[PDB]
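First the structure, in the form of C-alpha cells, and then the observations on it.
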Amino acid sequence: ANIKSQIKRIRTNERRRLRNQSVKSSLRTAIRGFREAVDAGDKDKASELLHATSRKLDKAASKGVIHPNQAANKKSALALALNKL
Amino acid sequence: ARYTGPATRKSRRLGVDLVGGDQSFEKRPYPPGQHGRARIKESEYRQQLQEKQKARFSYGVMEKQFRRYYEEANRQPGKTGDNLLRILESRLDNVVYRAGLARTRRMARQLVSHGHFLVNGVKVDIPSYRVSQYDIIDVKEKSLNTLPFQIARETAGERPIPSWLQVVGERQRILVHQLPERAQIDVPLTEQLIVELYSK
Amino acid sequence: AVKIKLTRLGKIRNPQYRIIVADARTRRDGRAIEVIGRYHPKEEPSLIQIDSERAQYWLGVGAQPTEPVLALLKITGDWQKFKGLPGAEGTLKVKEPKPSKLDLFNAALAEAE
RNA sequence: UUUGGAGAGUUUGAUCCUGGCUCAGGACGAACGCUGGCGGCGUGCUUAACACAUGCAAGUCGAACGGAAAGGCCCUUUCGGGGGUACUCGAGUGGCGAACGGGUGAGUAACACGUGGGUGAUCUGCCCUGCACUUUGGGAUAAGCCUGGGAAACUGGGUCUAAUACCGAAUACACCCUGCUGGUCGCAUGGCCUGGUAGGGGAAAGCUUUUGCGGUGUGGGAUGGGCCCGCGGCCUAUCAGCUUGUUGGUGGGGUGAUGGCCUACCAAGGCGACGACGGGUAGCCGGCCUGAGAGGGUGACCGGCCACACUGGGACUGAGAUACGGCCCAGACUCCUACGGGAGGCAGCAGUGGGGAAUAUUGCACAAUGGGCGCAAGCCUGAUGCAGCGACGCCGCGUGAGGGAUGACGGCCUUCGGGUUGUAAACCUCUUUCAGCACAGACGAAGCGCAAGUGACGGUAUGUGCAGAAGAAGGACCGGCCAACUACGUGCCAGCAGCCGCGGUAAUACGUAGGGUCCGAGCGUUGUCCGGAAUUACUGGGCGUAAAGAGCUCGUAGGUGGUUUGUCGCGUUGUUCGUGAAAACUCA
C-alpha cells in the first residue's frame, strides 16, 4: 500500500482473519461431529455434542466471529435434528 | 451600457420630440440621414419598434434591460403596459428628472451615477434603482451647494411635478406618495404596441 | 451519528446557515432529516432563529450537536432547557425593527414646513 | 375560481387548396470570427472510463500499553557527553476512523431510478435513555536486543516486554436454542403477552486526577440501511419463440433476513403479440430549455439515488465494503533489478501529454461550516471556504451632462440651388461615477481558546478626500421575411445568399464609401433543442380526385354496447390524513 494506516490494518486484518478462521473451523468441526453422531444414530452422544456446539456457537457470536442470529439458526437446526431423531 | 450619442436624431427617427430645440427637423420634417423624407411602407413592426425605441431613448435604458422590465410587467398583475411605464418612471433618473432637478434624463442619469443623491440614508450610484412607496430621496451635502442643484432650485418652476412625487425642501428633498398610474405617467406614448412587439 | 448541523446556503460572502439535523456521515450541503432553525451571522445581532420543541426532541433522542449550534442552543436556552442547569436562560437578542418607511415619510412631511 | 397561441416567403400566366422546404423567437456546460473597460454573482474536458511526471487529498489517541529515538526538566559532567522522569514524543502494539467526504458516468433498459407501500422476512458501530454488571485466572508477541537471507522490496530465527491486544472459566435468567403449555391478535406462514414452565447455554477493560474518561450484556428510541412489491418513464419483430435451477414443492444448507439464493429428490411447469427472448442506445430523478398549454427535448452546475475506481474475478477485515488513495490472483501497460525477483494505479485537487472546435492555477487557509480522532488543548481535512485564469453566462455601471448654428471645416449625395453627417463637432459651463493617487478600513467571529490572542479571503470590499472629461465602443445589418438607402467600382466575372433569388455596364441584393438601423462590451456566425409546424393533430389533422379505404368476406384476441330494477362502490367524484426532501418555479 501507500498509507500507514492501511499498512497497519493489513496486519491487523490478517490477525483477525486467522482468529476467525480457527474459530469457524472449530465450529464446523463440532457440527460435522454432531451430524456424524446423528446420522449414525447415537442420541446421548449427540445431545452432549449439541450442548458443546451450542456453547461454542454462542461463544463465537459473543466474540463477533458470527452473528447471534446465525448461531441461533445453526443450533436450532441441531436441536431439531436431535429431536426428530 | 448607455447611448452617449446625439439625442435629437433618435427623436427625429421616432417623430416625437422628446426634448426639443432644433430647427432642421422642426422646419423640414424628416427622420435623420440623407434619406429623410423618403417613402415609407407603414409596417406594424415599425410602429411597435418605434414605440419601444421611444421609451428606450426617452429614458436611458437599453434593450437587454427593457426586456426584463417588460417581463416583470407581464408577470405581475394588471395591464402589462402601464406596469411597464410604472417601472420606467419608478427609477431614480426619471424621478429626479420629473422633479425637475436636471431637466434631462441624461443629466439625471449622470447625477445619480456620480452620486449626487441618496435614498433613505444610503448612497445610490444606480440610475436603475427602482424606488418604492414612501422613499425619501435626499441630496448630499456637497451636491446641494454644487451648481447643478443651485440651477435646480433656481429654475424649479419650468416643468410641472407629477402627483405621486413631491419636493418638500429648499434642499430639494423628494418624496414618493405611491407609484404612478397611467394618468400619473404623462409620457408621449402608448403602451400596447410595445407588449405586442415583445409578444411577437 | 445523528447530529445537529449548519448547512451553508446563500451566496459567496453571505454565509446564511440553516440549522438542520442529519447524520454525521452525510455531507454539509446534503439531505436533511429536518430543519429546525436558521443562523444568519451577518447581522450584528447575528440572527439565531430556531424551533425549540423539535430541538428538544432531537436532543432527547440523542442528536449530538456541533460546537457552533451547541453555542446557539446555549443562547436560546434549549441546551439549558434540555439538561436543566439554570433552567432555561433565554440569552437571545434580536435585531430591533428599524422604523417603518411610512413613519419616515410622515416625519419628513411634518418636517416639510 | 385565475389564466394565455401573431406570422412571412416559395409550386402557377394568375387563383384557391393541399403539402413540404426555409425564416423571423428563445435557450446553451458551447466553439469560432471581429471587438473588448469595469465590477458583482456564478460557471469551465460535453471529446480519450486515454496514458500519467511531481506535490498534497486520512489520520488521530501518551487519559489503552511497553517504552524513550527527538525536544523539555532534573541529576551528572573529561563539556565528550552519560544517567533518571513521563512534561513531551519518533517508531511500534492496541482502539476508533479509514465504507463517510471527494471524483467519473464506463457499465446498467434493471426494483437502477422516481413515487407509493410492505417487512408477522430484517440488520443497525457511534449517539440517547432505562435495567443488570464490570468477577476470576492465565499464555504470548510486536516493539526493543542479538542475528541471518535478499540488489531492492522485504523477510526468517533466537531472546525479551506490556496492555482497554489475546485467551480460558464464573455470574447473567433481560438475551439465544429446544420441549410442553395458556391467553390474545389475527394478514396465512405466524406475531404479541420481556406469557408461564423445564432443560441447556452466552460477556466485560480498565485508565486518569479532572469541567474526569471509560468497558460488557440487555430493553427501548433515533439514525443509517438491506430485501420484496404496485405503478411510471427509450427505439426495434427486417429479433417470435424463450426457459431446464427454468416455474413450483418437500427435506436440508445458507443468510442479518424472505426466497432456486444453493443442493438432493419430486412434479412439469413458467414467460410470451398486453411484444417474451434478442439487437441498439442510455446512468435515473428533482429539475433545466422551449412551448399558450398539452407536449417535445434534455439530465450541465446545484441536490438526491445508483454504478464504477487500469480490465476481469474474488473474498478478508469489519457495525457497515463497488473497500479510489486496502488485500489476493490473472491480464495489459509503465518503472527498478545484481535477472533471482520486485513496485505501481488522478474517473481526488492542482497539473502534464494526447485527442479535440473547446474547457482554468502544479494557488492561500482550516478563519468559517461539515467530518474523523482525542476527556481536552489540539491534530488531520485539495471536503470546504476563498483567491487566480477565461466576456463562458446573467446582472449592473461607465465611456460624459447642460448649452452650443442658418448648421464651421471635412466627408457622401446633389436636379449646383442645396441637402445630410449634424446639437453632432469646435467652444463656454458642470460633473465626477468607474478607473488612477493618499489615508483609514471591515462584517463574516454571542464563534475558537481559557489563553491572552485568533480572519485565508485582505490593507481586499467599502468610506474619506485629490485632478481633470480627464484613461474607456465596437460588432452585425440596410431587396422581401426584416425598419434601415443612395453614390462609386465590377456586369453571368469577382462575389453574395437562410428561402425566394441578386450579378449578363445605368446592381438600393456583389465590393467600397457615406448615411442609416439593430444591439451594445458586446455583436455576428456555426452547431444542438423547442417553437413557429394544427408538419404524428390527446388538447389539435385527415384519406372520392391532393399522400391516404386492405380486392372482398369470415372470424380469433381486443375495443365497443339497446331499455330497465336492485346491488358493489372498481372506474368516477367529494372530503380528510400522510407523503410529494431541500433547492428550483411561482406569489409576497
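As a basis for the values below, the full set of heavy atoms in this structure was taken, side chains included, without hydrogen atoms, waters or symmetry mates. Chain naming here is simple, since letters A, B, ... match the order of the sequence lines and numbering starts at 1 in each.
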Item checked: Centroid under 5.5 Å and tilt under 30°, B:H114 to D:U433 -> yes
Query raised in the report: Does any N or O donor sit under 3.5 Å from an N or O acceptor when you compare the side chain of B:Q48 with the base of D:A6?
Result: yes
D:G232 -> Watson-Crick or G-U wobble partner, both distances under 3.5 Å, gives D:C113
(Q) Using only atom types and a distance under 3.5 Å, with no angle test, would you say the side chain of B:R109 pairs donor to acceptor with the backbone of B:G60? (A) yes
- Tell me whether the OP1 or OP2 atom of D:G418 has a side-chain N or O from B:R28 closer than 4.0 Å. no
Atom pairs under 3.5 Å: protein N/O with N/O of nucleotides 395-397 of chain D:
| residue | atom | partner | partner atom | Å |
| --- | --- | --- | --- | --- |
| D:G396 | OP1 | B:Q65 | NE2 | 2.9 |
| D:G396 | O3' | B:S128 | OG | 3.0 |
| D:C397 | OP1 | B:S128 | OG | 2.9 |
| D:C397 | OP2 | B:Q65 | NE2 | 3.4 |

Applying the 3.5 Å cut-off to both distances, the Watson-Crick or G-U partner of D:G471 turns out to be D:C434
Can a side-chain donor-acceptor contact be found between C:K5 and C:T26 if the only test is distance below 3.5 angstrom?
yes
Protein and nucleotides 217-228 of chain D: nitrogen or oxygen contacts under 3.5 angstrom:
| residue | atom | partner | partner atom | Å |
| --- | --- | --- | --- | --- |
| D:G221 | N2 | C:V61 | O | 2.7 |
| D:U223 | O2' | C:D23 | OD2 | 3.1 |
| D:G224 | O2' | C:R25 | NH2 | 3.3 |

Classify the ring geometry of C:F82 against C:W79: parallel below 30°, tilted from 30° to 60°, perpendicular beyond 60°.
tilted
- Polar side-chain atom of C:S100 near backbone of C:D103 as donor-acceptor pair, under 3.5 Å: no
Taking a pair to mean Watson-Crick or G-U wobble geometry with both distances below 3.5 Å, D:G555 pairs with none
Report task. Please state whether the phosphate of D:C123, meaning OP1 or OP2, lies under 4.0 angstrom from any side-chain nitrogen or oxygen of A:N69. Result -> yes
Across every strand shown, the nucleotide meeting Watson-Crick or G-U wobble geometry with D:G331 (both distances under 3.5 Å) is D:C310
Answer for the Watson-Crick or wobble partner of D:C386, both distances under 3.5 Å, is D:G363
TODO: Give a yes/no answer on whether the side chain of B:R106 brings an N or O atom under 4.0 Å of OP1 or OP2 in D:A401.
DONE: yes
Paired to D:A377 by Watson-Crick or G-U wobble criteria (both distances under 3.5 Å) is none
Per atom distances to the C:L6 side chain, the nearest of D:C482, D:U431, D:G370 is D:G370
Exercise. Can you check whether C:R27 has a side-chain N or O nearer than 4.0 Å to OP1 or OP2 of D:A383?
Worked result: no
Against the side chain of C:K5, the closest entry in D:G251, D:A24, D:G370 is D:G370
